[PDB]
Structures are given as C-alpha cells and as structure tokens.
>>> print(open('work_22.csv').read())   # CSV, C-alpha atoms
chain,number,residue,atom,x,y,z
A,1,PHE,CA,-2.1,-6.1,-31.3
A,2,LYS,CA,-1.3,-3.3,-28.8
A,3,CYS,CA,-1.8,-3.4,-25.0
A,4,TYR,CA,-1.7,-0.3,-22.8
A,5,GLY,CA,-2.1,-1.2,-19.1
A,6,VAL,CA,-0.7,-4.7,-19.5
A,7,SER,CA,2.0,-6.5,-21.5
A,8,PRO,CA,0.6,-9.0,-24.2
A,9,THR,CA,2.6,-11.9,-22.9
A,10,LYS,CA,1.5,-11.5,-19.2
A,11,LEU,CA,-2.1,-11.9,-20.2
A,12,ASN,CA,-2.1,-15.6,-19.4
A,13,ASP,CA,-0.8,-15.1,-15.9
A,14,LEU,CA,-3.3,-12.4,-14.9
A,15,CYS,CA,-7.0,-13.0,-13.9
A,16,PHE,CA,-9.8,-10.4,-14.2
A,17,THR,CA,-13.2,-10.0,-12.8
A,18,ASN,CA,-14.7,-8.8,-16.2
A,19,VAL,CA,-13.6,-8.7,-19.7
A,20,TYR,CA,-15.5,-6.6,-22.2
A,21,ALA,CA,-15.1,-6.9,-26.0
A,22,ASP,CA,-16.0,-3.7,-27.8
A,23,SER,CA,-16.6,-4.6,-31.4
A,24,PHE,CA,-16.8,-2.2,-34.4
A,25,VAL,CA,-15.7,-1.3,-38.0
A,26,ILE,CA,-13.7,1.8,-38.9
A,27,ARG,CA,-11.4,2.8,-41.8
A,28,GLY,CA,-7.7,1.8,-41.6
A,29,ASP,CA,-6.3,5.4,-41.3
A,30,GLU,CA,-8.3,6.0,-38.1
A,31,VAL,CA,-7.4,2.7,-36.3
A,32,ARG,CA,-4.7,4.8,-34.6
A,33,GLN,CA,-7.4,6.7,-32.8
A,34,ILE,CA,-8.5,3.6,-30.9
A,35,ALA,CA,-6.2,4.2,-28.0
A,36,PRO,CA,-6.0,6.2,-24.7
A,37,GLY,CA,-4.9,9.8,-25.0
A,38,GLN,CA,-6.2,10.3,-28.5
A,39,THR,CA,-8.2,13.0,-30.3
A,40,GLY,CA,-9.9,13.1,-33.7
A,41,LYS,CA,-13.2,12.4,-35.4
A,42,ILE,CA,-13.5,9.0,-33.8
A,43,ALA,CA,-11.7,9.5,-30.5
A,44,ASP,CA,-13.7,12.6,-29.5
A,45,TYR,CA,-17.2,12.1,-30.9
A,46,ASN,CA,-17.6,8.5,-31.9
A,47,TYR,CA,-15.7,6.0,-29.7
A,48,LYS,CA,-13.4,6.9,-26.8
A,49,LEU,CA,-11.1,5.0,-24.5
B,1,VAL,CA,-11.8,-14.7,-16.2
B,2,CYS,CA,-8.4,-16.5,-15.7
B,3,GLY,CA,-5.7,-17.6,-18.2
B,4,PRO,CA,-4.7,-21.2,-19.2
B,5,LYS,CA,-2.7,-22.0,-16.1
B,6,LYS,CA,-2.6,-25.3,-14.2
B,7,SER,CA,-3.4,-25.1,-10.5
B,8,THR,CA,-1.5,-27.0,-7.9
B,9,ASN,CA,-1.8,-28.0,-4.3
B,10,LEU,CA,-1.4,-25.7,-1.4
B,11,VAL,CA,1.3,-26.2,1.2
B,12,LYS,CA,0.6,-24.8,4.6
B,13,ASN,CA,2.9,-23.5,7.3
B,14,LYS,CA,5.9,-23.1,5.0
B,15,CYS,CA,7.6,-20.1,3.2
B,16,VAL,CA,6.2,-20.2,-0.3
B,17,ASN,CA,6.0,-18.2,-3.6
B,18,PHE,CA,2.3,-17.9,-4.2
B,19,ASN,CA,-0.1,-16.8,-7.0
B,20,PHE,CA,-3.8,-16.4,-6.2
B,21,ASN,CA,-5.8,-15.3,-9.2
B,22,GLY,CA,-2.8,-13.2,-10.5
B,23,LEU,CA,-2.1,-11.9,-7.0
B,24,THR,CA,1.5,-12.7,-6.2
B,25,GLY,CA,3.9,-12.5,-3.3
B,26,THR,CA,6.1,-14.4,-0.9
B,27,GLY,CA,4.9,-15.5,2.6
B,28,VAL,CA,3.7,-18.3,4.8
B,29,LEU,CA,0.2,-19.5,4.3
B,30,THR,CA,-1.6,-20.5,7.5
B,31,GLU,CA,-5.2,-21.2,8.6
B,32,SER,CA,-6.9,-18.0,9.6
B,33,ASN,CA,-9.4,-17.2,12.3
B,34,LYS,CA,-10.5,-14.1,10.5
B,35,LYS,CA,-14.3,-13.7,10.2
B,36,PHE,CA,-14.6,-13.2,6.5
B,37,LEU,CA,-18.0,-12.4,5.1
B,38,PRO,CA,-19.4,-14.5,2.2
B,39,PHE,CA,-18.6,-11.8,-0.3
B,40,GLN,CA,-15.0,-10.9,0.8
B,41,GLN,CA,-12.2,-12.3,-1.4
B,42,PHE,CA,-9.1,-11.1,0.5
B,43,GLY,CA,-8.1,-8.7,3.3
B,44,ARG,CA,-5.6,-5.9,3.6
B,45,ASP,CA,-3.2,-4.4,6.1
B,46,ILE,CA,-2.6,-0.7,6.9
B,47,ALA,CA,0.1,-0.7,4.3
B,48,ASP,CA,-2.5,-1.7,1.7
B,49,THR,CA,-0.8,-5.1,1.3
B,50,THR,CA,-2.6,-8.4,1.3
C,1,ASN,CA,11.6,22.7,63.7
C,2,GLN,CA,12.9,19.2,62.7
C,3,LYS,CA,9.5,17.5,63.4
C,4,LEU,CA,7.6,20.1,61.4
C,5,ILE,CA,10.0,19.9,58.5
C,6,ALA,CA,10.0,16.1,58.4
C,7,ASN,CA,6.2,16.1,58.5
C,8,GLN,CA,5.9,18.7,55.7
C,9,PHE,CA,8.2,16.6,53.6
C,10,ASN,CA,6.4,13.4,54.2
C,11,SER,CA,3.1,15.1,53.3
C,12,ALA,CA,4.5,16.6,50.2
C,13,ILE,CA,5.6,13.2,48.9
C,14,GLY,CA,2.1,11.8,49.5
C,15,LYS,CA,0.7,14.7,47.4
C,16,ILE,CA,3.0,13.8,44.5
C,17,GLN,CA,1.6,10.3,44.5
C,18,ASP,CA,-1.9,11.6,44.4
C,19,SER,CA,-1.1,14.0,41.6
C,20,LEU,CA,0.6,11.3,39.4
C,21,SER,CA,-2.1,8.7,40.2
C,22,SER,CA,-5.0,11.0,39.4
C,23,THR,CA,-3.9,12.4,36.1
C,24,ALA,CA,-1.8,11.1,33.2
C,25,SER,CA,-1.5,14.7,31.7
C,26,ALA,CA,1.3,15.1,34.3
C,27,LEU,CA,3.6,13.1,32.0
C,28,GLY,CA,2.5,14.7,28.7
C,29,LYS,CA,6.2,15.5,28.1
C,30,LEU,CA,7.1,11.9,27.8
C,31,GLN,CA,3.9,10.8,26.0
C,32,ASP,CA,4.5,13.5,23.4
C,33,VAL,CA,7.8,11.9,22.4
C,34,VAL,CA,6.1,8.6,22.0
C,35,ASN,CA,3.2,10.0,20.0
C,36,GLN,CA,5.4,11.9,17.6
C,37,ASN,CA,7.6,8.9,16.9
C,38,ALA,CA,4.5,6.8,16.3
C,39,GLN,CA,3.2,9.3,13.9
C,40,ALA,CA,6.4,9.5,12.0
C,41,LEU,CA,6.3,5.8,11.4
C,42,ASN,CA,2.5,5.6,10.7
C,43,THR,CA,3.1,8.2,8.1
C,44,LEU,CA,6.0,6.4,6.6
C,45,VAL,CA,4.0,3.1,6.3
C,46,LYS,CA,1.0,4.8,4.8
C,47,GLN,CA,3.1,6.3,2.1
C,48,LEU,CA,3.6,2.8,0.7
C,49,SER,CA,0.1,2.9,-0.6
C,50,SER,CA,0.7,5.9,-2.7
C,51,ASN,CA,1.1,5.6,-6.5
C,52,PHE,CA,3.3,8.7,-7.0
C,53,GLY,CA,2.2,8.6,-10.7
C,54,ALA,CA,2.6,4.9,-11.0
C,55,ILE,CA,-0.3,2.7,-12.3
C,56,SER,CA,-0.2,0.8,-9.0
C,57,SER,CA,1.2,1.3,-5.5
C,58,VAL,CA,2.0,-2.4,-5.3
C,59,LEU,CA,5.3,-3.4,-6.7
C,60,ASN,CA,4.3,-7.0,-7.3
C,61,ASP,CA,1.2,-5.9,-9.3
C,62,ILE,CA,3.4,-3.9,-11.6
C,63,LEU,CA,5.8,-6.8,-12.1
C,64,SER,CA,3.1,-9.3,-12.8
C,65,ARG,CA,1.5,-7.0,-15.4
C,66,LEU,CA,4.3,-5.4,-17.3
C,67,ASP,CA,7.4,-6.5,-19.2
C,68,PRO,CA,10.7,-4.9,-18.0
C,69,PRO,CA,10.9,-2.1,-20.7
C,70,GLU,CA,7.7,-0.7,-19.3
C,71,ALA,CA,7.7,-2.2,-15.7
C,72,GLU,CA,10.9,-0.3,-15.0
C,73,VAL,CA,9.2,3.0,-15.8
C,74,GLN,CA,6.4,2.3,-13.3
C,75,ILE,CA,8.9,1.1,-10.8
C,76,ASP,CA,11.1,4.2,-11.1
C,77,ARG,CA,8.0,6.3,-10.2
C,78,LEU,CA,7.5,4.3,-7.0
C,79,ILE,CA,11.2,4.4,-6.1
C,80,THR,CA,11.4,8.1,-6.4
C,81,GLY,CA,8.3,8.5,-4.2
C,82,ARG,CA,9.4,6.0,-1.6
C,83,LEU,CA,13.0,7.1,-1.5
C,84,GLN,CA,11.7,10.7,-1.1
C,85,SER,CA,9.5,9.5,1.7
C,86,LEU,CA,12.4,8.0,3.6
C,87,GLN,CA,14.4,11.1,3.1
C,88,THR,CA,11.6,13.1,4.7
C,89,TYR,CA,11.3,10.7,7.6
C,90,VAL,CA,15.0,10.6,8.3
C,91,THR,CA,15.4,14.4,8.2
C,92,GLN,CA,12.5,14.7,10.7
C,93,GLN,CA,14.1,12.1,13.0
C,94,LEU,CA,17.4,13.9,12.9
C,95,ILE,CA,15.8,17.2,13.8
C,96,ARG,CA,13.6,15.6,16.5
C,97,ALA,CA,16.7,13.8,17.8
C,98,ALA,CA,18.5,17.1,18.2
>>> encode(input="work_22.csv", output="structure tokens")
Amino acid sequence: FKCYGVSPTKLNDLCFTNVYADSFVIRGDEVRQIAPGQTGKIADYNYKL
Amino acid sequence: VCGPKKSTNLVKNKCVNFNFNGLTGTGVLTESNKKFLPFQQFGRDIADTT
Amino acid sequence: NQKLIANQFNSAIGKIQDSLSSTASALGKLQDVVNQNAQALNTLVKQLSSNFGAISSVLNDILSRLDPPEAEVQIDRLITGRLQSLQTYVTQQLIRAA
C-alpha cells in the first residue's frame, strides 16, 4: 500500500473532486513498475503513471 | 469525494481554525458581498491564497 | 528696475503653477521612487505562489497532505525559494536606499 503524492494516513482528512480506480492483473515481479518514474515492459508499453 | 469526517457548525466573526473540503487555514469567517458565480467554489488573492 | 523685477518674478511663479497643474510628468522623479518600491513588493508577494520544486506553493496544502518525513522535504524546497526571494528583495532595497 504505497502512496506518492499523499500520505496514507492523511487520506481521510483530504477531499477530492474525482477518484479513479485503475484495475488490472500483472505478475508479482513487475508490481514494482506500477509507480511514477518507472521504466520496463509494463511501465513503458503497457501501463504508465 | 470526502473522507469519514464529522462536520460541525460554523462560527462567524471570530478567529477560527477552519477546514473546508480539505482546505485548511486560520482566519476570521465573515459574510461576503462577493458576486460569486454558480460554478465558483472559492476565490483567491494576488498571493494565490484563499 | 524694481517694478520690472517684481513683475517678472510674480509672472514666473504663476508659470510654475500652470506647469505643475498641467502635467504630472513634471514630478516623474518622485513618482519613479514610488513605482519602484511598489514593484519590489509586488514581486515579493507574487513569489509566494511559486513552487520552487515543491509539489505545492501552499504550505498548508503540503502539511495537510504529507506526514513530517516527507512534508519536511517539500517545505525545505519552499523555504529555500522564499528565503532566497527575501534576500533578493533586501539587497535591492539596500542598493536603492543608497
């Protein structure tokens, strides 16, 4: 459970105009590519943040 | 989309610590005579502060 | 020539009033001081809106979003920028003051 632009315990104090839940299945070793600033088979050609 | 927080009543014309939809600060809340349009949520100063 | 001299003097003063009344460019030297000081402060205030590498220019928005271990980093970015802004302002005021 990793947050980048916010801290995970501040989430209940904040209020947003839109929340989008992007949902998909990948293999465990490539979970680390689901982050800002990443490269790799998924990060560059499949799913990018 | 707001978190599980309980709202309270607003106190006018006093120095208060406020939180409006996650927007926080300290100041006195008073009735405005500003002509807000139906779509405008808040206004800003030259300093880019609320 | 006392009558001539007094009359020329009195006329000359009347001319000063007309010159000053007609155009404000006459006092550009004093207006320039006012304008430069106003600009120095307008610049200083506008700098508050800059991010300087931070995620947000607003200190309260950083604090309401991040825990201290991360909030401090974003704040240091704003402090460096804002402190540098004051140093620029003060230096300019000292030189202008001279």
>>> residues_around(input="work_22.csv", residues="residue 45 (chain C)", least_positions_apart="6", cutoff="12 Å", atoms="all atoms listed in the file", output="list in words")
residues 45, 46, 47, 48 and 49 of chain B; 38, 39, 82, 85, 86 and 89 of chain C
>>> atom_distance(input="work_22.csv", atom1="CA of residue 30 (chain B)", atom2="CA of residue 60 (chain C)")
20.9 Å
>>> atom_distance(input="work_22.csv", atom1="CA of residue 23 (chain B)", atom2="CA of residue 61 (chain C)")
7.2 Å
>>> residues_around(input="work_22.csv", residues="region 64-70 of chain C", least_positions_apart="6", cutoff="8 Å", atoms="all atoms listed in the file", output="ChimeraX atom specification")
/A:5-7,10-11,13-14 /B:22,24
>>> residues_around(input="work_22.csv", residues="residue 11 (chain B)", least_positions_apart="3", cutoff="10 Å", atoms="only C-alpha atoms", output="MDAnalysis selection string")
chainID B and resid 8 14:16 18 28:30
>>> write_last_selection(input="work_22.csv", atoms="C-alpha atoms", output="CSV table (one decimal), in the coordinates of the input")
chain,number,residue,atom,x,y,z
B,8,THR,CA,-1.5,-27.0,-7.9
B,14,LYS,CA,5.9,-23.1,5.0
B,15,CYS,CA,7.6,-20.1,3.2
B,16,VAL,CA,6.2,-20.2,-0.3
B,18,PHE,CA,2.3,-17.9,-4.2
B,28,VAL,CA,3.7,-18.3,4.8
B,29,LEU,CA,0.2,-19.5,4.3
B,30,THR,CA,-1.6,-20.5,7.5
>>> interface_residues(input="work_22.csv", of="chain C", to="chain B", cutoff="12 Å", atoms="all atoms listed in the file", output="tab-separated table (two decimals) with C-alpha atoms, keeping the file's coordinate frame")
chain	number	residue	atom	x	y	z
C	41	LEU	CA	6.30	5.80	11.40
C	42	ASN	CA	2.50	5.60	10.70
C	43	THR	CA	3.10	8.20	8.10
C	44	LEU	CA	6.00	6.40	6.60
C	45	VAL	CA	4.00	3.10	6.30
C	46	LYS	CA	1.00	4.80	4.80
C	47	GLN	CA	3.10	6.30	2.10
C	48	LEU	CA	3.60	2.80	0.70
C	49	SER	CA	0.10	2.90	-0.60
C	50	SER	CA	0.70	5.90	-2.70
C	51	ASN	CA	1.10	5.60	-6.50
C	56	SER	CA	-0.20	0.80	-9.00
C	57	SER	CA	1.20	1.30	-5.50
C	58	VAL	CA	2.00	-2.40	-5.30
C	59	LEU	CA	5.30	-3.40	-6.70
C	60	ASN	CA	4.30	-7.00	-7.30
C	61	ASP	CA	1.20	-5.90	-9.30
C	62	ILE	CA	3.40	-3.90	-11.60
C	63	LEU	CA	5.80	-6.80	-12.10
C	64	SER	CA	3.10	-9.30	-12.80
C	65	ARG	CA	1.50	-7.00	-15.40
>>> interface_residues(input="work_22.csv", of="chain B", to="chain A", cutoff="10 Å", atoms="all atoms listed in the file", output="PyMOL selection string")
chain B and resi 1-5+19-24
>>> residues_around(input="work_22.csv", residues="residue 29 (chain A)", least_positions_apart="6", cutoff="12 Å", atoms="all atoms listed in the file", output="MDAnalysis selection string")
chainID A and resid 40:42
>>> atom_distance(input="work_22.csv", atom1="CA of residue 30 (chain A)", atom2="CA of residue 2 (chain A)")
14.9 Å
>>> decode(input="work_22.csv", residues="region 23-36 of chain B", atoms="N, CA, C and O atoms", output="mmCIF file, in the first residue's frame")
data_model
loop_
_atom_site.group_PDB
_atom_site.id
_atom_site.type_symbol
_atom_site.label_atom_id
_atom_site.label_comp_id
_atom_site.auth_asym_id
_atom_site.auth_seq_id
_atom_site.Cartn_x
_atom_site.Cartn_y
_atom_site.Cartn_z
ATOM 1 N N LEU B 23 -9.348 22.036 2.638
ATOM 2 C CA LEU B 23 -8.649 23.313 2.544
ATOM 3 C C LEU B 23 -8.555 23.944 3.911
ATOM 4 O O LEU B 23 -9.558 24.387 4.474
ATOM 5 N N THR B 24 -7.352 23.994 4.457
ATOM 6 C CA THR B 24 -7.203 24.454 5.822
ATOM 7 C C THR B 24 -6.500 25.782 5.943
ATOM 8 O O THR B 24 -5.723 26.178 5.073
ATOM 9 N N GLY B 25 -6.724 26.430 7.073
ATOM 10 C CA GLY B 25 -6.054 27.679 7.393
ATOM 11 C C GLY B 25 -6.648 28.319 8.636
ATOM 12 O O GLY B 25 -7.551 27.765 9.261
ATOM 13 N N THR B 26 -6.114 29.473 9.002
ATOM 14 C CA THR B 26 -6.589 30.211 10.162
ATOM 15 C C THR B 26 -7.033 31.592 9.727
ATOM 16 O O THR B 26 -6.340 32.260 8.958
ATOM 17 N N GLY B 27 -8.196 32.011 10.195
ATOM 18 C CA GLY B 27 -8.714 33.321 9.830
ATOM 19 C C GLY B 27 -10.119 33.530 10.342
ATOM 20 O O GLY B 27 -10.721 32.630 10.922
ATOM 21 N N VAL B 28 -10.637 34.722 10.121
ATOM 22 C CA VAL B 28 -11.971 35.086 10.543
ATOM 23 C C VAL B 28 -12.936 34.920 9.383
ATOM 24 O O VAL B 28 -12.694 35.430 8.290
ATOM 25 N N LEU B 29 -14.019 34.197 9.619
ATOM 26 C CA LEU B 29 -15.009 33.935 8.585
ATOM 27 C C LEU B 29 -16.158 34.924 8.692
ATOM 28 O O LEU B 29 -16.826 34.979 9.725
ATOM 29 N N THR B 30 -16.382 35.711 7.644
ATOM 30 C CA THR B 30 -17.452 36.706 7.682
ATOM 31 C C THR B 30 -18.327 36.612 6.448
ATOM 32 O O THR B 30 -17.893 36.125 5.409
ATOM 33 N N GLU B 31 -19.541 37.138 6.526
ATOM 34 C CA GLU B 31 -20.403 37.162 5.352
ATOM 35 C C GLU B 31 -19.778 38.019 4.267
ATOM 36 O O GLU B 31 -19.357 39.146 4.536
ATOM 37 N N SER B 32 -19.715 37.498 3.045
ATOM 38 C CA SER B 32 -19.128 38.250 1.946
ATOM 39 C C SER B 32 -20.171 39.003 1.151
ATOM 40 O O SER B 32 -21.349 38.651 1.159
ATOM 41 N N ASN B 33 -19.718 39.977 0.373
ATOM 42 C CA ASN B 33 -20.575 40.642 -0.595
ATOM 43 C C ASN B 33 -20.014 40.416 -1.993
ATOM 44 O O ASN B 33 -20.284 41.176 -2.921
ATOM 45 N N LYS B 34 -19.216 39.360 -2.124
ATOM 46 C CA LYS B 34 -18.595 38.995 -3.385
ATOM 47 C C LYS B 34 -19.591 38.325 -4.304
ATOM 48 O O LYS B 34 -20.333 37.428 -3.900
ATOM 49 N N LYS B 35 -19.593 38.741 -5.557
ATOM 50 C CA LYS B 35 -20.534 38.207 -6.523
ATOM 51 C C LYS B 35 -20.058 36.900 -7.120
ATOM 52 O O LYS B 35 -19.656 36.846 -8.279
ATOM 53 N N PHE B 36 -20.111 35.837 -6.337
ATOM 54 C CA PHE B 36 -19.701 34.545 -6.862
ATOM 55 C C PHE B 36 -20.686 34.040 -7.886
ATOM 56 O O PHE B 36 -21.899 34.184 -7.728
#
